[PDB]
Every structure is written in structure tokens, then in C-alpha cells.
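One chain comes next, on its own, written out as C-alpha cells in the form deposited in one PDB entry.
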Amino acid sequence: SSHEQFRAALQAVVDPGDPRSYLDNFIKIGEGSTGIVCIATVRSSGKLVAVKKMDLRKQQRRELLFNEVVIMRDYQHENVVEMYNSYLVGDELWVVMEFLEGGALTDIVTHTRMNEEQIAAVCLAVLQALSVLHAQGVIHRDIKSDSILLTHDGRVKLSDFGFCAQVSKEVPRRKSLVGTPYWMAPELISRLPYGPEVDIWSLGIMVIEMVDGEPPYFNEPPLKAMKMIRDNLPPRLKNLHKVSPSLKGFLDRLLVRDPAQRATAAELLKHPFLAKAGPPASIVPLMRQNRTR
């Protein structure tokens, strides 16, 4: 079986052993495209951790599972979720990671209206993460609100590296059709070889999420939305009239069709819009446990 074969491959790269030995009270708190996320209690300490559980038989491209252990081993950073250990548990890859108790940005953009101080704080944090990743040739390829997690005290971290890839002198561009339709860069939908620029486009779409509450063409079925992204001019905010000229100027550097003219993360870190960025505390009131209080 290719399955048994693949299990054996994964064992070669993961930690030995079984975290069920030291964790209690697995409770499911969400699901991505590649698996589920449980919170667990470390028995000895009462500390909470997050465990991502990805079934080897339920992946579109099961070789992408290796990306989790590449990021874990190599590209840890303060705006990236800490990954502690990886294990093969039966037919699943388990990744034990930091619990980001503030939850995902998705809940906030769904239920709340972020102001520009808050939007700037998120964008700055993501851009710091991306400048460091991109400098190392790492492309995330699934930037969207669901991929952004928050600490209780409002610090922002990138998560969901399942679809990441590496470029280098010897492999300067990627070609794979990877991401989430509504957030995919037009050059990527067009099947042009691409680089880290695609992440900057996806971030632009996330800015639209944060302003409009959904990405462009979210009402269209995905295959149809990709067609639209590929063919049309850059998407426009439903609520253009609600954003500062500073934010519009910023967004216009992100949603550039031509990847060669799109701003890089490192350039975007100096943009005046990010001077508006609030401290982590500024994000805390948006979280489900605070907004009702």
C-alpha cells in the first residue's frame, strides 16, 4: 500500500512516541482543509496546547504534510505559531503547538468591524512574519483570515503552513495551483511560475476581508471566482468610502496584477499606513470573549 509506505516515510521525520502519554482532555476547537485542531491539557502542568491532527488518507497531496515539519524544524519566529513536536499517531500526523487562545481572525472579520489602527496592527505583524519567511525563500501560499491567530493579549501569529513551498537560486519559482480560490494571486490562477509576491496579493484580499467582512466574489462558486480574479482588474472595496486615503494607498501596493510591480513585504514594512498600527492591546476588544463583556 502507498499508505503504509507513506506512514513509514513520515515516521522518518517526526518525533518518536505518543503525546497521548502526556496530554488529557482533547477537545475539538476547529478544522482546516488538511485536518482538525484540538485543545489538550498537559497533565503535569495544566498548561494548554493545540494539536493539529491530519489523516494521511484524506489529503489532496499527502506530500504537502512534510511542510509542517520543515517549518517546525527551520522557520520559527515571534509572529509564527510555535510548533513543539510532531508525531505519527496511527494513520494521522499530529503537530503539537502553542495554543493561540485569542482564536482566528476569521471570527473577528465575520462578527465585528475593525478600525484602521487594528487593521494596521494585523498587517504589520503579518508583514514582519512574511519579510523573514520571504527572505528565506519560504512562500506561505494560504494567507487569509483563518491563517491568522491571536494570543489572549492580542499578538498576531501566522499559522496553517500546510501549503507552503520553498524557492531558491536552483528553484527560483513555483508552479503549483495552491491556496484558497478567493485569495489566490492572478499569476498563480494563470499558471505563471510565481514567487513570494503571491502572499502579498493574498494579504491584500485579507485587507478586503477586514474592511468588507468577506473576500471579493465570495458569492460565486470557487472555479468561477478564480476566472474572475484572472480576467478582471484588481477587485475594489465594497466600502471604498469608509477607508482613509492612507489605507487605500497601502492596498493599491498589494492588489497589483503584475507581480513585478507589487510591493514586497520589506517595502511594505515602511509604508505610512502601518504607522497607524496599534499595540496588541488594541486587538483584544475584538475577540469573542471580550466584545460581549
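Sequential numbering from 1, following the sequence displayed.
The form solved in complex with a partner chain exists for this protein as well; it is not shown, and the discussion that follows is about that form.
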| property | result |
| --- | --- |
| Heavy atom of each of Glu31, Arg191 and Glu209 within 4.5 Å of the partner chain in the deposited complex | yes |
| Contact assignment for the partner chain in the deposited complex, among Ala40, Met226, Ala263, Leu247, heavy atom within 4.5 Å | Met226 |
| Single option in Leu64, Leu268, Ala50, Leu251 placed near the partner chain in the deposited complex, where near means a heavy atom within 4.5 Å | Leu64 |
| The partner chain contact at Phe99 in the deposited complex, heavy atom, 4.5 Å | no |
| is_contact(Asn115, the partner chain) in the deposited complex, heavy atom dist at most 4.5 Å | no |
| Distance check, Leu149 to the partner chain in the deposited complex, heavy atom within 4.5 Å | no |
| Distance check, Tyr87 to the partner chain in the deposited complex, heavy atom within 4.5 Å | no |
| Which of 174 to 182, 89 to 97, 69 to 77, 117 to 125 sits within 4.5 Å of the partner chain in the deposited complex, heavy atom basis | 174 to 182 |
